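Working notes, structure below.
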Amino acid sequence: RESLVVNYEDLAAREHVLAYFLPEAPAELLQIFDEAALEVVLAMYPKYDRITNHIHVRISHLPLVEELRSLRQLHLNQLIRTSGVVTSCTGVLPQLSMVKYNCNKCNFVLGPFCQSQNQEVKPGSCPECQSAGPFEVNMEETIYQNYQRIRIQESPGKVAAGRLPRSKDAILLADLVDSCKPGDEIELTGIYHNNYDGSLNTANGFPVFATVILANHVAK
Amino acid sequence: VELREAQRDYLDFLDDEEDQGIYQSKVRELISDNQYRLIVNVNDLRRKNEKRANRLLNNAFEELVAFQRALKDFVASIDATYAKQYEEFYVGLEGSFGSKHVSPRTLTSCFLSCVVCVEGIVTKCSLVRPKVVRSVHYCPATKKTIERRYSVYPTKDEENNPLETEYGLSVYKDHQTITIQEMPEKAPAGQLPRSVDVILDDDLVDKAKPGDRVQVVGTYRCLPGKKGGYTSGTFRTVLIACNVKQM
Amino acid sequence: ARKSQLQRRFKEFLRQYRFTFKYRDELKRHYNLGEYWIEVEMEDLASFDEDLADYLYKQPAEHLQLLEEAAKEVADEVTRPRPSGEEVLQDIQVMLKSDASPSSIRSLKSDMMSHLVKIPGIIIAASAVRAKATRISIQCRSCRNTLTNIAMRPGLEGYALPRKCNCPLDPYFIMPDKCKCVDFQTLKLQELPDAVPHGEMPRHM
Ligand SMILES: [Zn+2]
Ligand SMILES: [Zn+2]
Numbered sequence: 227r228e229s230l231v232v233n234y235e236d237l238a239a240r241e242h243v244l245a246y247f248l249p250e251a252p253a254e255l256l257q258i259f260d261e262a263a264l265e266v267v268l269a270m271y272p273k274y275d276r277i278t279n280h281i282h283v284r285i286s287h288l289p290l291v292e293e294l295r296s297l298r299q300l301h302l303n304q305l306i307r308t309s310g311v312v313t314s315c316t317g318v319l320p321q322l323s324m325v326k327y328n329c330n331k332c333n334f335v336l337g338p339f340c341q342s343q344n345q346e347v348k349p350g351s352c353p354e355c356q357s358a359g360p361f362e363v364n365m366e367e368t369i370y371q372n373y374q375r376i377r378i379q380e381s382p383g384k385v386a387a388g389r390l391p392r393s394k395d396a397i398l399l400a401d402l403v404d405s406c407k408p409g410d411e412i413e414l415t416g417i418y419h420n421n422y423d424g425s426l427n428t429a430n431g432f433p434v435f436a437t438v439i440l441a442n443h444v445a446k
Numbered sequence: 010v011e012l013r014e015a016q017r018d019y020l021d022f023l024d025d026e027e028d029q030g031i032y033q034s035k036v037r038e039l040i041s042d043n044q045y046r047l048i049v050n051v052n053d054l055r056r057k058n059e060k061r062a063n064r065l066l067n068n069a070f071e072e073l074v075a076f077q078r079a080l081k082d083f084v085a086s087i088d089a090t091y092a093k094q095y096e097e098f099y100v101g102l103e104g105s106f107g108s109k110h111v112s113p114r115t116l117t118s119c120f121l122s123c124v125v126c127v128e129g130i131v132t133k134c135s136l137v138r139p140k141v142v143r144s145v146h147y148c149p150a151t152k153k154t155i156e157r158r159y160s173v174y175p176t177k178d179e180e181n182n183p184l185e186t187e188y189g190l191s192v193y194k195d196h197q198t199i200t201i202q203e204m205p206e207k208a209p210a211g212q213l214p215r216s217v218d219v220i221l222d223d224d225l226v227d228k229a230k231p232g233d234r235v236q237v238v239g240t241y242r243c244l245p246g247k248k249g250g251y252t253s254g255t256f257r258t259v260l261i262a263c264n265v266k267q268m
Numbered sequence: 026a027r028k029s030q031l032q033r034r035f036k037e038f039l040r041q042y043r051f052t053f054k055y056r057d058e059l060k061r062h063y064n065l066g067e068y069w070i071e072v073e074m075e076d077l078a079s080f081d082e083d084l085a086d087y088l089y090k091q092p093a094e095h096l097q098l099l100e101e102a103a104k105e106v107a108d109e110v111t112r113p114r115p116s117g118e119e120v121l122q123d124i125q126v127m128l129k130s131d132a133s134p135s136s137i138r139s140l141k142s143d144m145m146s147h148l149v150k151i152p153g154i155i156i157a158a159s160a161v162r163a164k165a166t167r168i169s170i171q172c173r174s175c176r177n178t179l180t181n182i183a184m185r186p187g188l189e190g191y192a193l194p195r196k197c198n207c208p209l210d211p212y213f214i215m216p217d218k219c220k221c222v223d224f225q226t227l228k229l230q231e232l233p234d235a236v237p238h239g240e241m242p243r244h245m
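Residue numbers (the UniProt record's numbering), protein chains in the order written: chain A, 227 to 446; chain B, 10 to 160, 173 to 268; chain C, 26 to 43, 51 to 198, 207 to 245.
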C-alpha cells in the first residue's frame, strides 16, 4: 500500500503542539508528517525506493465539526470534518506531476516542475538555446497522478423542515480515488480551500469566491 | 518539357478529321450552339493513347490545364473570332473508369489528385452566388481607371482620392455547392450513410436539385489548413466536379 | 546509433524466422497483392529473441517505428525484380497480436500511461473516415522559398509552423497540392455489460 492512518486522539495525547497546530496549518504539517513517515518506513525497509517513492499520512478521527450549512468565512484554510451523501462521480483522471517539457527548436528535455493545484505550470525558458517559445509535454517520462471529483449533499433525514439540502464539491487524489459509490453516505476530513486560480468572479457580478474542499480521509 | 509534350499529345489527339474522327464536328456544333464545354470519352483516349490517359487519371490538375490550353488553341485555329468572348474553355469527361468508379462509402485518400466518378442522390443545395474574376475602379478626382485580376480590395488612390467601383465593367462567375449521399438501396442495412461535398461552377450550377439521382465525374482534392501558427494536420476533402449526368 | 542495431536485429528476425519462412513469404505475398500491411505475433518474436519482445512492451512508440523500417527494408530486399514503373518503395503498416488474457477497462490508472494495454469492450459510435497529413510542404509569403518533406508525428498531435524565415514574421503557408495523406477514424468504446459492477454506471473510452 501507499497510505498510512494516524489517529488524532493519540497524537494529541502524546504531543499537544502538533495537534494544536494541525487544524490551522494542514498542508505544511501534512507534508512534514509524510516526510517523517517516508524516512521511518525507508529505515524499516530499504527496497521501497524501487516500489513506492512517497507515502501519504491521513487523519482518521477528529472532534466532530458542524454540518455543511455552517461552513463560512471562519473556516478558511482550516481542517474540517463533515458528513454527507455522494451524488455524482467523475471517474478516474490523469493529472500531471513533475512535468518534463521538450523544446521545439532543439531536443533538450527541461527539468521536472512541481505541479501545483493552484496554478498551471509555466516554464520559463530553455537553458541551452535561451528560447521562450511554445513547449510540449514529454509523455514518456512525465509522472501522473489519480484525480477524482465528487459532489456531496446533506442527508435528507437530518434536514430541517422548510429548508433545502445544500451541496459542496470535493477532490480525491492518489489512493482515495474510487472509494465511494454514488448514493452512499460518507464522512470526510478535509481542507476548506479558496487559493486556486479562477476562484474569484471577475468578468461580471459581485466579487464572489468559490469554495472547494480538499479531502484526505474517507469513512463509510 | 513534360507540360509541352502533354500539350502536343493533346493537340494531336483532336486532329482526327482525316481519320474518321467526330470531335471536329462536335467542336463545330459547340460553336454553332454557343457552348464552351466539350465532352471527351475516356475510352477513346485510352484506345488512342494509354499513357496520356494514365497520366491524366493519376494526375488531374496539370493534365487538365494542358488539355484546356490545347482546346483553346484548337478553337482559336478554327475560329479565333469565337475565342475572344471567353477567357478559357472547360473539359468534360465520360466513359468507364474501372477501379476509379467509387461510391461515397469507398472514397479514400488513395484517390487524391485523381479523377473519380461517383453515383449518388442529392440532399443539400446552396443558393447561386457570384464570384469575382476581374475588378475595374475609377477615380473621379483624377479621371483615371485601374484594373485588378483575381485568381485585397482597393479603395483609395495614391493621393488618397476616393475610388468608385464600376460593377458593370467587372467580371463574375456563378458558384454553388451541393451534397451527395450514398443511395439507401445500396448502403448496408443498419449503418449510417456517408456524404460528399461537390462544387459546381459556370454552366453546371443549375443542373442538380435535391432528391435526385445523379452521377458526377470530377477531381478529388484537399483543402489546406487555414491561417494559424498551429495546425491540426487534418484537411477537409471536397470534390471539384467537371461533369454531372442525370441517370 | 544503437537504434540502428535494433533495427538490424528486427531485420534479421524477419528474414530468419521459420520449417518455412513464414514472415518472408507472407510479406512477399502481401506486397505482390498490393496489401501493404502485415500482422506480427509477439510469441514468435519472444521465441526468436526475448529482449526485443520485452522492449516492445515498455516503449512501443520508437520500437514500432524501428520495426516498420525493418519490415520495409525486408520487403525491398525480397522484391528485387519489381515490374517497370513500380520503382517507388511504399511504406508498410505493422500490426500486433498476442494470446495474453485481456485486462478490465476499470484497471486503467496513471501507472499504465504510455504503455501497451489490451482491453475488451463494445463499440457504440464510429466517426467517418478522414484524411491526415504525413509529409507537408510550406511556402513563404515574400521570397517564395519552400521547405519540403516535413515529417509529421502519428496520433492526435499537431504541428507548429516556423516563425523565422532564413521578410515579415510568420510568413509561411501550407500548400495543399504537395502533401501525402492517410486515412484515420475515431471510435467510441463502452464497458462490457457482463463486467460492469452492480449498481454502478459504465465507463467509456
Ligand atoms: Zn531549447
Ligand atoms: Zn521568406
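Heads up, the beta-carbon is just placed ideally off N, CA and C, and yes, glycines get one too.
6 Å Cβ shell around residue i - same chain, five flanking residues per side excluded
i	result
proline 391/A	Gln379, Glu380 and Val385
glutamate 103/B	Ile48 and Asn50
Cβ pair residue i, residue j closer than 8 Å
i	j	result
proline 139/B	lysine 194/B	yes
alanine 396/A	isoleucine 376/A	yes
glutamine 202/B	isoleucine 130/B	yes
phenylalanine 70/B	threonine 258/B	no
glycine 107/B	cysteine 263/B	no
residue 504/A	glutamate 367/A	Only positions 227 to 446 of chain A appear in this structure, which leaves residue 504/A out of reach.
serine 122/B	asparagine 68/B	yes
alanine 163/C	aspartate 223/C	yes
Straight-line Cα distance separating residue j from residue i
i	j	result
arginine 389/A	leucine 302/A	25 Å
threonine 198/B	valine 235/B	15 Å
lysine 266/B	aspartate 18/B	28 Å
residue 264/C	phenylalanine 361/A	In the structure displayed, chain C extends from 26 to 245; residue 264/C sits before or after that span and is not available.
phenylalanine 120/B	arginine 37/B	35 Å
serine 133/C	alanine 229/B	55 Å
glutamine 29/B	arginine 61/B	21 Å
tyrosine 147/B	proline 208/C	32 Å
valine 434/A	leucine 88/C	52 Å
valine 444/A	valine 318/A	17 Å
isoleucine 124/C	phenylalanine 76/B	36 Å
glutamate 37/C	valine 124/B	42 Å
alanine 89/B	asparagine 43/B	14 Å
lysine 331/A	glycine 359/A	9 Å
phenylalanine 213/C	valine 173/B	17 Å
Cβ-heavy atom distance, residue i to ligand 1, below 7 Å
i	result
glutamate 354/A	yes
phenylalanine 339/A	no
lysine 196/C	no
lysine 326/A	no
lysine 348/A	no
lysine 230/B	no
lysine 331/A	yes
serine 357/A	yes
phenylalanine 53/C	no
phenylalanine 334/A	yes
Closer than 7 Å: residue i CB and nearest ligand 2 heavy atom
i	result
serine 174/C	yes
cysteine 207/C	yes
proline 149/B	no
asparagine 177/C	yes
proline 211/C	yes
Cutoff 8 Å; reference residue i; Cβ partners in own chain excluding five residues on either side
i	result
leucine 190/B	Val145
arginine 143/B	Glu156, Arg157, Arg158, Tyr159, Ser191 and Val192
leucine 227/C	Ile155, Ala157, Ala158 and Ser159
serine 135/C	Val149, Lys150 and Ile151
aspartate 210/C	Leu193 and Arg195
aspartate 25/B	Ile31, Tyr32 and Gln33
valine 137/B	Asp195, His196, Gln197, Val226 and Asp227
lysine 207/B	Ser112
Which residues DSSP lists as bridging residue i, in chain order
i	result
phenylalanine 224/C	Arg162/C
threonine 252/B	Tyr191/C
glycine 359/A	Bridge partners of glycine 359/A: none, in fact.
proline 139/B	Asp195/B
7 Å CB neighbourhood of residue i in its chain, flanking five on each side removed
i	result
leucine 399/A	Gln371, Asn372 and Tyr373
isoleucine 137/C	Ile151, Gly153, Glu231, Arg243 and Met245
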